[PDB]
Amino acid sequence: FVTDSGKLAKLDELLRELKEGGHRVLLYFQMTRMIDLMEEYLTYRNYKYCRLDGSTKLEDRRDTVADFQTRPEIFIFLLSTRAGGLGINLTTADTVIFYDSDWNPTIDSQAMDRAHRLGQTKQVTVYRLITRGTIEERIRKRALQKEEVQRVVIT
Amino acid sequence: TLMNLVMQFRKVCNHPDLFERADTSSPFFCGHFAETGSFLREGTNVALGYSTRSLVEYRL
Amino acid sequence: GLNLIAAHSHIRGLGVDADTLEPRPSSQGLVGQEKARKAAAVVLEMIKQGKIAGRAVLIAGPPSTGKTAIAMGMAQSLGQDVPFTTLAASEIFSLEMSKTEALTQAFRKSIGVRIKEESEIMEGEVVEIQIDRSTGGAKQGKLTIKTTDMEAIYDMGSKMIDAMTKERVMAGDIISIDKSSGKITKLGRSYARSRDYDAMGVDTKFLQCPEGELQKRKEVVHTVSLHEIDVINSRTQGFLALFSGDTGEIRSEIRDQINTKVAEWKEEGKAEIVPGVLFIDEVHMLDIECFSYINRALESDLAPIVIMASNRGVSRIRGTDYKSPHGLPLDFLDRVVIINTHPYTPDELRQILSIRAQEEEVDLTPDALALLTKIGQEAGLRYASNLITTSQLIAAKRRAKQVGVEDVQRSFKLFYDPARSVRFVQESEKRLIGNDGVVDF
Amino acid sequence: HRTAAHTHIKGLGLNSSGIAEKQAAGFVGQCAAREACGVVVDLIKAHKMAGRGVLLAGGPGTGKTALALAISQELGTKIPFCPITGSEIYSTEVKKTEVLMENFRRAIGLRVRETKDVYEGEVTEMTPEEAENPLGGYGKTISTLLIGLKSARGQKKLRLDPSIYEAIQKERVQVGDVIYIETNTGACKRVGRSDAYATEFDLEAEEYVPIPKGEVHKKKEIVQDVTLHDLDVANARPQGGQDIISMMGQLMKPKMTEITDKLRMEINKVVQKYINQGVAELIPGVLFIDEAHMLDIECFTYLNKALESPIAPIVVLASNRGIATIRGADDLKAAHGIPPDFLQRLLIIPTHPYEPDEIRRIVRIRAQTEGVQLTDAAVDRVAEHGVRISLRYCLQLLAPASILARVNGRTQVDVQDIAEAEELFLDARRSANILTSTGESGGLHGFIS
DNA sequence: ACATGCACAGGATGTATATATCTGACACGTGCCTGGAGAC
DNA sequence: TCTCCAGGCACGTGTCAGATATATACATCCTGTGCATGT
Ligand SMILES: Nc1ncnc2c1ncn2[C@@H]1O[C@H](COP(=O)(O)OP(=O)(O)O)[C@@H](O)[C@H]1O
Ligand SMILES: Nc1ncnc2c1ncn2[C@@H]1O[C@H](COP(=O)(O)OP(=O)(O)O)[C@@H](O)[C@H]1O
């Protein structure tokens with residue numbers, strides 16, 4: 001499993017280093033089916049995690065987010081990128097990773113704002129795993145473009 | 001053949017098991033077991049029976 | 001489905017008349033051979049008589065003159081009643097056991113015992129099952145079944161409820177409770193409860209309810225040879241040996257005691273002995289150590305009739321160095337009685353090719369059939385019978401319907417008959433490895 | 001990624017009308033053999049075959065087995081192809097006719113759908129319930145259990161036989177181990193500790209898996225590719241079930257045994273019962289017996305009855321012999337080593353030697369296949385060696401001449417590198433000439449004659 | 001000169017991933033009291 | 001007839017199967033209509 005996906009194989013290396021550093025990760029996905037696959041992987045490598053996606057009921061949301069923030073044993077939070085509005089605070093996490101990018105820049109921007117916010121203390125680092133030679137690079141361009149239009153007009 | 005190929009592409013890059021995952025298979029079985037009829041009858045307290053016989057029979 | 005067209009899938013019996021023993025020239029596949037088929041008819045009618053020992057008939061003749069054809073005709077003209085056993089004579093030279101004993105087992109495989117005894121079975125759709133497992137256990141329960149006619153309730157013993165949860169009998173199964181043992185063979189599923197089956201495939205067969213009474217007696221007839229009983233009475237659970245060949249040298253006192261109990265079964269009327277046929281194909285591949293045992297295994301009361309086929313002329317006997325007719329020693333040729341065959345006239349060649357064409361369902365123009373008969377005059381039956389299957393496919397290359405001269409002349413062009421292959425070897429000596437030399441251009 | 005002797009062959013290279021076009025898909029020339037091999041391939045893919053004999057004659061070094069790999073890459077992956085030799089069947093456990101029939105039933109395949117019935121749960125309560133056990137020597141005996149499986153949606157509390165309990169017991173299933181009782185045999189593989197008992201302070205190196213989602217009584221269908229010889233071995237030495245013959249039969253050493261006629265007929269009737277239920281599909285194949293002249297007369301006797309069967313794969317024999325003596329009986333000589341009675345079954349395909357330009361094309365294809373580029377004068381030199389010495393000698397003078405080229409800083413192979421490799425590495429003919437000339441007398445500096 | 005047939009314009013429809021909302025019917029918990037059950 | 005209590009009734013509640021739009025992208029089907037060709 002971990003080698004049949006190039007991203008997953010590279011995420012493994014990165015999570016081992018992050019763990020040994022004592023970093024805490026929000027890890028963002030654009031597909032909840034993948035959220036499931038991963039859920040497995042994390043069980044294998046025996047890391048503690050939470051989950052919040054569009055299936056996660058509202059008071060359960062409150063509960064999970066509060067955990068991640070209360071109890072530092074949890075290393076990864078698996079978050080669906082569009083799920084959860086503005087105003088979930090995860091500033092105990094110091095690392096964000098995007099397993100896959102959105103076509104819309106702002107949705108990834110709003111996602112990393114969950115770490116980078118008032119009351120954050122440590123320096124947030126944002127990984128972005130890109131599969132070279134595939135649609136993922138297309139996406140990344142098309143999104144940097146869009147961000148150029150935002151930069152030109154709303155300045 | 002698949003419809004939304006940009007969606008299909010992203011799935012591949014994520015993990016091939018999004019498509020067709022494997023799962024503890026097993027070797028082929030030649031004998032004659034007993035198939036369960038339905039799921040909605042034997043509710044909670046059921047008993048398994050060793051029903052394994054060979055299809056090769058020898059009649060004496 | 002496992003009925004692929006072989007080189008003898010057109011023979012549906014010996015084809016001769018059974019009233020005046022006349023070999024009518026074209027019936028059931030065997031076409032043309034007359035005197036040999038009448039002699040095989042006489043041998044066949046004295047096999048079903050039973051009042052003769054194990055004798056020996058040698059089907060001698062040239063290659064591809066219909067010897068395995070006559071043997072397969074006698075095999076099809078007996079049904080699954082009298083045990084016919086084929087034996088190509090190189091299955092004897094084994095390493096699990098000796099060689100004379102491997103021959104003895106092939107004699108014992110062709111003497112059947114036919115006994116007929118009754119059982120009591122139950123048909124019918126299960127209407128419902130209630131089992132009083134309440135902590136309780138398999139103690140009591142009710143079984144309601146029906147046919148189209150009957151309907152009944154039975155109460156069950158503990159050693160029947162443990163067979164009902166063993167086969168998992170649903171409400172709607174078509175089961176066969178053998179009453180004397182307790183096994184349950186589900187014959188299928190009833191159609192009328194097609195909604196009540198969720199854990200089945202989308203494509204699933206369904207039967208109807210069984211017709212008639214629900215409690216009937218069957219007169220099944222079993223037939224097992226003496227080698228079956230020998231291998232059964234050889235180990236603890238030894239019948240697996242005759243499915244895995246791991247039987248060894250069976251001691252002879254077991255065979256003697258079983259030869260005694262079969263006679264005691266016959267004299268009490270409990271049994272009946274059926275002498276079978278043993279066909280030793282290619283009998284020239286036996287050494288003299290075999291013939292010095294076949295000369296005495298054809299002496300006892302319990303000996304099947306041996307039919308055997310030889311190709312060789314004056315050839316050597318294996319094991320020894322001196323030559324003999326048919327590859328057989330003369331003290332054994334005193335035992336056998338020889339049927340000689342003949343080569344085939346061209347019209348018989350034409351209608352044998354016609355039968356082989358109608359068997360594979362290949363359309364032929366009569367010009368192509370004339371050309372194919374002309375080829376078979378010069379290259380034998382096997383070459384033309386393969387040119388048929390090749391020419392159908394070559395006609396299917398260029399999308400044709402009937403084969404013609406333009407496809408038989410291609411099959412004759414690509415695939416050499418063995419005479420031109422011998423000419424090819426004789427005219428390409430220096431590159432083909434004769435014994436010593438390899439020359440590379 | 002290893003260039004073997006047969007790597008450039010990618011198929012027969014036939015047109016739509018079945019006409020062989022030369023220098024296509026690996027081969028060079030060889031028309032009358034490749035058209036006949038295409039006819040053989042479409043004879044295989046039409047299923048009107050129950051034993052046909054196809055002989056591949058021709059001298060050594062003319063590409064008899066190149067046609068065989070062309071056939072095996074033209075049929076496809078899902079058709080059985082069993083290549084053997086003539087020396088492979090002389091065994092020490094069984095008679096060689098058993099090895100012939102085992103290859104004949106390796107060459108017949110079957111594609112079967114199966115419905116496995118797993119019970120995939122997490123063990124909650126494991127409690128044995130022994131029965132009455134009077135004075136009979138062995139003592140008590142566990143006869144009934146109460147194992148509770150707990151999946152994600154709806155638990156179940158089931159009761160077991162003694163044999164499935166022994167299947168559990170030889171797997172060391174504690175409380176917490178997820179398992180998957182297979183109710184076809186009875187086998188049950190422990191997967192690991194459930195993640196509800198997870199602790200990073202652990203030492204057993206267990207594999208923690210989550211609770212299996214879905215119903216605890218699943219039912220899944222798969223497709224399986226099984227040959228008839230696999231069924232023969234399965235019913236011969238049993239290794240499935242939970243009784244004693246099928247458990248003490250997998251601790252012994254495995255031995256090839258003589259699967260008799262009765263098992264080979266009963267498995268045919270079982271497979272016909274599968275086909276009549278609309279489940280299994282039969283796909284016959286090829287037995288390629290290379291070097292058929294090594295088979296002795298006791299094997300060509302048995303091939304007659306092995307091909308008279310209503311189900312028998314097509315045989316493709318290869319034999320690079322002229323008029324030779326059969327191995328079994330040393331007093332009748334025949335063509336190819338095949339006996340003159342067995343030879344009439346065969347549809348004999350000839351194979352002719354090559355030409356001084358076809359050798360040049362084969363050298364060019366082999367050089368661009370291995371990855372050795374070179375000049376045209378060097379190609380002419382290697383073709384000159386190919387005409388004079390042998391075909392598969394001059395192909396082998398490309399692998400040192402690359403390395404020697406890389407010695408001298410070159411990339412392409414020139415005349416000097418082949419002119420040096422023809423002196424370092426010799427053929428058989430000049431070596432035998434040196435042998436006869438120098439080895440005049442036996443002694444200190446002689447050869448053992 | 002008129003009619004019919006064949007391809008541009010660019011729009012509406014469509015495919016696929018979870019998100020963000022929602023609604024009403026079913027199931028379950030609570031409280032209580034009267035009438036179904038006891039038995040002489 | 002004197003006696004008891006639990007089954008059932010009224011009342012909340014809570015949740016989730018099928019349904020309402022959709023950001024994120026793009027290919028595709030559709031057919032009004034214009035132009036060209038043929039009669
Ligand atoms: N009388 C016949 N009728 C039909 N086919 C025949 C007859 N005689 C021979 N054949 C055919 O000729 C072929 C050779 O017969 P066979 O007995 O196999 O030759 P051999 O005796 O050399 O084994 C067989 O395939 C069979 O189909
Ligand atoms: N038509 C051909 N095209 C290309 N290479 C060939 C051809 N025929 C033979 N060869 C070469 O000859 C070599 C040996 O052929 P092979 O089949 O082993 O000879 P044999 O027929 O003696 O077994 C192979 O490496 C193959 O590359």
# chains A, B, ... in the order shown; residues from 1 in each chain; ligands from 1
>>> residues_near_ligand(ligand="ligand 1", cutoff="8 Å", atoms="only C-alpha atoms (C1' of nucleotides) and all ligand atoms", output="mmCIF file with N, CA, C and O atoms, in the first residue's frame")
data_model
loop_
_atom_site.group_PDB
_atom_site.id
_atom_site.type_symbol
_atom_site.label_atom_id
_atom_site.label_comp_id
_atom_site.auth_asym_id
_atom_site.auth_seq_id
_atom_site.Cartn_x
_atom_site.Cartn_y
_atom_site.Cartn_z
ATOM 1 N N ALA C 7 -9.877 -37.620 -32.534
ATOM 2 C CA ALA C 7 -9.680 -38.444 -33.714
ATOM 3 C C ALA C 7 -10.583 -39.665 -33.729
ATOM 4 O O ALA C 7 -10.487 -40.482 -34.649
ATOM 5 N N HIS C 8 -11.421 -39.835 -32.717
ATOM 6 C CA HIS C 8 -12.374 -40.931 -32.681
ATOM 7 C C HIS C 8 -13.713 -40.509 -32.113
ATOM 8 O O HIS C 8 -14.414 -41.321 -31.501
ATOM 9 N N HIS C 10 -16.303 -39.806 -33.852
ATOM 10 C CA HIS C 10 -17.346 -40.125 -34.813
ATOM 11 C C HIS C 10 -17.807 -41.569 -34.746
ATOM 12 O O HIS C 10 -18.679 -41.961 -35.525
ATOM 13 N N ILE C 11 -17.253 -42.369 -33.853
ATOM 14 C CA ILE C 11 -17.600 -43.774 -33.761
ATOM 15 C C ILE C 11 -18.647 -43.948 -32.680
ATOM 16 O O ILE C 11 -18.384 -43.676 -31.503
ATOM 17 N N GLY C 29 -20.399 -45.019 -37.907
ATOM 18 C CA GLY C 29 -19.062 -44.498 -38.058
ATOM 19 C C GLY C 29 -18.074 -45.447 -38.699
ATOM 20 O O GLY C 29 -17.322 -45.036 -39.581
ATOM 21 N N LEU C 30 -18.067 -46.710 -38.297
ATOM 22 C CA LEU C 30 -17.103 -47.661 -38.841
ATOM 23 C C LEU C 30 -17.522 -48.052 -40.249
ATOM 24 O O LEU C 30 -18.546 -48.716 -40.441
ATOM 25 N N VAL C 31 -16.739 -47.637 -41.240
ATOM 26 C CA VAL C 31 -17.114 -47.776 -42.637
ATOM 27 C C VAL C 31 -16.002 -48.488 -43.379
ATOM 28 O O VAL C 31 -14.870 -47.999 -43.424
ATOM 29 N N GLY C 32 -16.323 -49.629 -43.973
ATOM 30 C CA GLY C 32 -15.425 -50.246 -44.925
ATOM 31 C C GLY C 32 -14.845 -51.582 -44.518
ATOM 32 O O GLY C 32 -14.752 -52.495 -45.343
ATOM 33 N N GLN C 33 -14.449 -51.721 -43.263
ATOM 34 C CA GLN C 33 -13.793 -52.943 -42.828
ATOM 35 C C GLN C 33 -14.873 -53.975 -42.556
ATOM 36 O O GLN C 33 -15.803 -53.712 -41.791
ATOM 37 N N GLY C 61 -2.276 -55.619 -37.801
ATOM 38 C CA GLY C 61 -2.485 -54.909 -39.035
ATOM 39 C C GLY C 61 -1.530 -53.753 -39.232
ATOM 40 O O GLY C 61 -0.800 -53.353 -38.321
ATOM 41 N N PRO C 62 -1.526 -53.192 -40.436
ATOM 42 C CA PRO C 62 -0.628 -52.080 -40.760
ATOM 43 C C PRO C 62 -1.035 -50.813 -40.031
ATOM 44 O O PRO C 62 -2.141 -50.748 -39.477
ATOM 45 N N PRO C 63 -0.178 -49.786 -40.006
ATOM 46 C CA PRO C 63 -0.567 -48.511 -39.387
ATOM 47 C C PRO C 63 -1.709 -47.825 -40.111
ATOM 48 O O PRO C 63 -1.796 -47.866 -41.337
ATOM 49 N N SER C 64 -2.592 -47.214 -39.310
ATOM 50 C CA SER C 64 -3.725 -46.412 -39.777
ATOM 51 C C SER C 64 -4.671 -47.249 -40.625
ATOM 52 O O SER C 64 -5.117 -46.829 -41.694
ATOM 53 N N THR C 65 -4.967 -48.456 -40.159
ATOM 54 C CA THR C 65 -5.951 -49.303 -40.814
ATOM 55 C C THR C 65 -7.131 -49.602 -39.907
ATOM 56 O O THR C 65 -7.844 -50.580 -40.131
ATOM 57 N N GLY C 66 -7.326 -48.801 -38.869
ATOM 58 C CA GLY C 66 -8.507 -48.952 -38.052
ATOM 59 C C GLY C 66 -8.444 -50.093 -37.068
ATOM 60 O O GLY C 66 -9.213 -51.049 -37.154
ATOM 61 N N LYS C 67 -7.531 -49.995 -36.118
ATOM 62 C CA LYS C 67 -7.439 -50.950 -35.030
ATOM 63 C C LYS C 67 -7.919 -50.356 -33.723
ATOM 64 O O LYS C 67 -8.743 -50.956 -33.030
ATOM 65 N N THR C 68 -7.456 -49.151 -33.405
ATOM 66 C CA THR C 68 -8.040 -48.405 -32.301
ATOM 67 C C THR C 68 -9.485 -48.025 -32.597
ATOM 68 O O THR C 68 -10.300 -47.909 -31.675
ATOM 69 N N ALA C 69 -9.839 -47.918 -33.872
ATOM 70 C CA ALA C 69 -11.225 -47.692 -34.246
ATOM 71 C C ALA C 69 -12.128 -48.870 -33.893
ATOM 72 O O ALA C 69 -13.218 -48.673 -33.346
ATOM 73 N N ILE C 70 -11.694 -50.097 -34.176
ATOM 74 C CA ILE C 70 -12.492 -51.264 -33.813
ATOM 75 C C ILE C 70 -12.586 -51.430 -32.301
ATOM 76 O O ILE C 70 -13.656 -51.756 -31.763
ATOM 77 N N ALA C 71 -11.502 -51.143 -31.590
ATOM 78 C CA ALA C 71 -11.529 -51.237 -30.136
ATOM 79 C C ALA C 71 -12.456 -50.198 -29.525
ATOM 80 O O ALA C 71 -13.217 -50.504 -28.600
ATOM 81 N N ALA C 309 -3.383 -55.017 -29.716
ATOM 82 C CA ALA C 309 -3.121 -54.518 -31.059
ATOM 83 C C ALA C 309 -1.635 -54.340 -31.299
ATOM 84 O O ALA C 309 -0.947 -53.696 -30.509
ATOM 85 N N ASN C 311 1.506 -53.520 -34.282
ATOM 86 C CA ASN C 311 1.873 -52.934 -35.562
ATOM 87 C C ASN C 311 3.051 -53.626 -36.213
ATOM 88 O O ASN C 311 3.084 -53.746 -37.437
ATOM 89 N N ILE C 352 -14.800 -42.259 -45.622
ATOM 90 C CA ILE C 352 -14.251 -41.987 -44.294
ATOM 91 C C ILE C 352 -13.913 -40.512 -44.144
ATOM 92 O O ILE C 352 -14.192 -39.900 -43.102
ATOM 93 N N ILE C 355 -17.215 -38.800 -43.557
ATOM 94 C CA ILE C 355 -17.674 -38.886 -42.173
ATOM 95 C C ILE C 355 -16.877 -37.949 -41.272
ATOM 96 O O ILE C 355 -17.449 -37.243 -40.434
ATOM 97 N N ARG C 356 -15.555 -37.898 -41.452
ATOM 98 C CA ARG C 356 -14.737 -36.966 -40.686
ATOM 99 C C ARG C 356 -15.015 -35.519 -41.037
ATOM 100 O O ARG C 356 -14.796 -34.643 -40.201
ATOM 101 N N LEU C 381 -4.632 -41.750 -44.025
ATOM 102 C CA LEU C 381 -5.853 -41.138 -43.514
ATOM 103 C C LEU C 381 -5.575 -39.979 -42.579
ATOM 104 O O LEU C 381 -6.321 -38.998 -42.581
ATOM 105 N N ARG C 382 -4.525 -40.091 -41.772
ATOM 106 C CA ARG C 382 -4.252 -39.098 -40.741
ATOM 107 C C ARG C 382 -3.863 -37.764 -41.346
ATOM 108 O O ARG C 382 -4.291 -36.705 -40.862
ATOM 109 N N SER C 385 -7.101 -36.250 -42.820
ATOM 110 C CA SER C 385 -7.976 -35.860 -41.729
ATOM 111 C C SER C 385 -7.461 -34.672 -40.963
ATOM 112 O O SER C 385 -8.251 -33.990 -40.314
ATOM 113 N N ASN D 304 0.164 -41.842 -28.053
ATOM 114 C CA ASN D 304 -1.005 -42.247 -28.819
ATOM 115 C C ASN D 304 -2.267 -42.256 -27.975
ATOM 116 O O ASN D 304 -3.260 -41.623 -28.332
ATOM 117 N N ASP D 341 5.532 -44.917 -36.824
ATOM 118 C CA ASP D 341 4.102 -45.013 -36.576
ATOM 119 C C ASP D 341 3.546 -43.732 -35.983
ATOM 120 O O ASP D 341 2.465 -43.286 -36.375
#
>>> residues_near_ligand(ligand="ligand 2", cutoff="10 Å", atoms="only C-alpha atoms (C1' of nucleotides) and all ligand atoms", output="MDAnalysis selection string")
chainID D and resid 4:9 12 22:31 33:34 56:69 290:291 318:320 351:354 358:359 361:366 390:393 395:396
>>> residues_around(residues="residue C:117", least_positions_apart="6", cutoff="7 Å", atoms="only C-alpha atoms (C1' of nucleotides)", output="number ranges by chain")
C: 219-221
>>> interface_residues(of="chain E", to="chain B", cutoff="10 Å", atoms="only C-alpha atoms (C1' of nucleotides)", output="NGL selection string")
:E and (15-17)
>>> residues_around(residues="residue D:311", least_positions_apart="4", cutoff="10 Å", atoms="only C-alpha atoms (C1' of nucleotides)", output="list in words")
residues 1, 2, 3, 4, 5 and 6 of chain C; 49, 50, 51, 104, 105, 108, 268, 284, 306 and 307 of chain D
>>> atom_distance(atom1="atom CA of residue D:270", atom2="atom CA of residue C:218")
23.9 Å
>>> interface_residues(of="chain F", to="chain B", cutoff="9 Å", atoms="only C-alpha atoms (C1' of nucleotides)", output="ChimeraX atom specification")
/F:25-27
>>> write_last_selection(atoms="N, CA and C atoms (P, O5', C5', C4', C3', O3' and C1' of nucleotides)", output="short mmCIF file (atom, residue, chain, number, x, y, z; two decimals), in the first residue's frame")
data_model
loop_
_atom_site.label_atom_id
_atom_site.label_comp_id
_atom_site.auth_asym_id
_atom_site.auth_seq_id
_atom_site.Cartn_x
_atom_site.Cartn_y
_atom_site.Cartn_z
P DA F 25 -12.35 26.85 -11.06
"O5'" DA F 25 -12.43 25.68 -12.16
"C5'" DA F 25 -11.39 24.72 -12.27
"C4'" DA F 25 -11.78 23.47 -13.06
"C3'" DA F 25 -12.12 23.77 -14.52
"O3'" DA F 25 -10.93 23.82 -15.30
"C1'" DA F 25 -13.53 22.03 -13.54
P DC F 26 -10.91 24.40 -16.80
"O5'" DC F 26 -11.66 23.30 -17.70
"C5'" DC F 26 -11.14 21.98 -17.87
"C4'" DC F 26 -12.22 20.99 -18.34
"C3'" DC F 26 -12.75 21.26 -19.75
"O3'" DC F 26 -11.98 20.50 -20.68
"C1'" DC F 26 -14.50 20.62 -18.17
P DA F 27 -12.29 20.46 -22.26
"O5'" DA F 27 -13.39 19.30 -22.43
"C5'" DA F 27 -13.13 17.98 -21.98
"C4'" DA F 27 -14.33 17.03 -22.14
"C3'" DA F 27 -14.77 16.83 -23.59
"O3'" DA F 27 -15.07 15.45 -23.77
"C1'" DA F 27 -16.55 17.74 -22.27
#
>>> select_by_dssp(residues="stretch 317-393 of chain C", states="strand (DSSP E)", output="list in words")
residues 323, 324, 325, 337, 338, 339 and 340 of chain C
>>> closest_residue(among="D:419, D:99, D:428, D:118", to="residue B:35", atoms="only C-alpha atoms")
D:118
>>> interface_residues(of="chain D", to="chain C", cutoff="6 Å", atoms="only C-alpha atoms", output="list in words")
residues 48, 50, 59, 94, 95, 236, 258, 259, 260, 263, 298, 310, 311, 321, 322, 323, 324, 345, 347, 348, 349 and 390 of chain D
>>> write_last_selection(atoms="N, CA, C and O atoms", output="tab-separated table (two decimals), in the first residue's frame")
chain	number	residue	atom	x	y	z
D	48	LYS	N	-11.75	-26.31	-31.61
D	48	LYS	CA	-12.15	-27.57	-32.22
D	48	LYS	C	-11.03	-28.59	-32.17
D	48	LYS	O	-10.93	-29.46	-33.03
D	50	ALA	N	-8.73	-31.42	-30.10
D	50	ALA	CA	-8.60	-32.40	-29.03
D	50	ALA	C	-7.39	-33.26	-29.30
D	50	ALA	O	-7.44	-34.49	-29.29
D	59	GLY	N	17.25	-27.97	-39.14
D	59	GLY	CA	18.53	-28.11	-38.49
D	59	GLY	C	18.71	-27.15	-37.33
D	59	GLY	O	17.92	-26.24	-37.12
D	94	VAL	N	8.16	-40.97	-9.99
D	94	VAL	CA	7.05	-41.53	-10.73
D	94	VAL	C	7.57	-42.01	-12.06
D	94	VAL	O	8.66	-41.67	-12.49
D	95	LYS	N	6.75	-42.81	-12.70
D	95	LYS	CA	7.03	-43.16	-14.07
D	95	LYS	C	6.86	-41.95	-14.96
D	95	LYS	O	6.15	-40.99	-14.62
D	236	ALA	N	-5.48	-35.18	-5.03
D	236	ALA	CA	-4.56	-36.27	-4.74
D	236	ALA	C	-3.98	-36.18	-3.34
D	236	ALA	O	-4.19	-37.06	-2.51
D	258	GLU	N	1.40	-40.82	-8.46
D	258	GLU	CA	0.84	-41.26	-9.74
D	258	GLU	C	-0.66	-41.09	-9.70
D	258	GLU	O	-1.39	-41.98	-9.27
D	259	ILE	N	-1.14	-39.93	-10.15
D	259	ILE	CA	-2.57	-39.69	-10.22
D	259	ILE	C	-3.17	-40.59	-11.29
D	259	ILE	O	-2.85	-40.46	-12.47
D	260	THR	N	-4.05	-41.50	-10.88
D	260	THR	CA	-4.49	-42.59	-11.74
D	260	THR	C	-5.56	-42.15	-12.72
D	260	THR	O	-5.92	-40.97	-12.81
D	263	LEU	N	-9.18	-40.81	-11.03
D	263	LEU	CA	-9.23	-39.43	-10.58
D	263	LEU	C	-9.25	-38.47	-11.75
D	263	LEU	O	-10.00	-37.48	-11.74
D	298	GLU	N	9.09	-45.69	-25.22
D	298	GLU	CA	8.07	-45.86	-24.20
D	298	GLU	C	7.24	-44.61	-23.98
D	298	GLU	O	6.20	-44.68	-23.32
D	310	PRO	N	-10.78	-37.36	-25.37
D	310	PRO	CA	-11.69	-36.32	-25.86
D	310	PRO	C	-11.28	-34.95	-25.42
D	310	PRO	O	-11.75	-33.96	-26.00
D	311	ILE	N	-10.44	-34.84	-24.41
D	311	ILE	CA	-9.88	-33.56	-24.03
D	311	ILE	C	-8.37	-33.71	-23.93
D	311	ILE	O	-7.86	-34.47	-23.11
D	321	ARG	N	16.91	-33.46	-35.71
D	321	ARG	CA	17.67	-34.65	-36.05
D	321	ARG	C	17.33	-35.14	-37.44
D	321	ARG	O	16.20	-35.01	-37.91
D	322	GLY	N	18.33	-35.72	-38.09
D	322	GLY	CA	18.09	-36.31	-39.39
D	322	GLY	C	17.66	-37.75	-39.25
D	322	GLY	O	16.83	-38.07	-38.41
D	323	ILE	N	18.24	-38.64	-40.06
D	323	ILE	CA	18.02	-40.06	-39.86
D	323	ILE	C	18.79	-40.47	-38.62
D	323	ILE	O	20.02	-40.38	-38.59
D	324	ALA	N	18.08	-40.89	-37.58
D	324	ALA	CA	18.72	-41.18	-36.31
D	324	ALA	C	18.08	-42.40	-35.69
D	324	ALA	O	17.07	-42.92	-36.18
D	345	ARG	N	0.75	-38.94	-37.25
D	345	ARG	CA	-0.14	-37.98	-36.62
D	345	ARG	C	0.28	-36.55	-36.92
D	345	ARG	O	-0.55	-35.64	-36.91
D	347	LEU	N	1.58	-32.99	-38.31
D	347	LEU	CA	1.58	-32.05	-39.43
D	347	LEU	C	2.95	-31.40	-39.49
D	347	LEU	O	3.23	-30.42	-38.80
D	348	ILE	N	3.83	-31.95	-40.32
D	348	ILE	CA	5.24	-31.60	-40.26
D	348	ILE	C	5.50	-30.26	-40.94
D	348	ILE	O	5.20	-30.10	-42.13
D	349	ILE	N	6.04	-29.31	-40.19
D	349	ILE	CA	6.44	-28.01	-40.71
D	349	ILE	C	7.95	-28.02	-40.91
D	349	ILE	O	8.69	-28.23	-39.93
D	390	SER	N	28.84	-19.86	-38.34
D	390	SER	CA	27.55	-20.26	-37.78
D	390	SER	C	26.67	-19.03	-37.64
D	390	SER	O	27.15	-17.90	-37.70
>>> residues_around(residues="residue A:143", least_positions_apart="5", cutoff="8 Å", atoms="only C-alpha atoms (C1' of nucleotides)", output="ChimeraX atom specification")
/A:102-105
>>> write_last_selection(atoms="C-alpha atoms", output="mmCIF file, in the first residue's frame")
data_model
loop_
_atom_site.group_PDB
_atom_site.id
_atom_site.type_symbol
_atom_site.label_atom_id
_atom_site.label_comp_id
_atom_site.auth_asym_id
_atom_site.auth_seq_id
_atom_site.Cartn_x
_atom_site.Cartn_y
_atom_site.Cartn_z
ATOM 1 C CA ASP A 102 -7.803 22.493 -4.834
ATOM 2 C CA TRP A 103 -8.303 24.124 -8.197
ATOM 3 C CA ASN A 104 -9.400 27.209 -6.361
ATOM 4 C CA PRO A 105 -6.439 28.800 -4.491
#
>>> closest_atom_pairs(of="chain B", to="chain C", cutoff="6 Å", atoms="only C-alpha atoms", output="JSON lines")
{"residue": "B:34", "atom": "CA", "partner": "C:167", "partner_atom": "CA", "distance": 5.6}
{"residue": "B:37", "atom": "CA", "partner": "C:199", "partner_atom": "CA", "distance": 5.6}
{"residue": "B:38", "atom": "CA", "partner": "C:199", "partner_atom": "CA", "distance": 4.5}
{"residue": "B:49", "atom": "CA", "partner": "C:166", "partner_atom": "CA", "distance": 4.4}
{"residue": "B:51", "atom": "CA", "partner": "C:166", "partner_atom": "CA", "distance": 5.8}
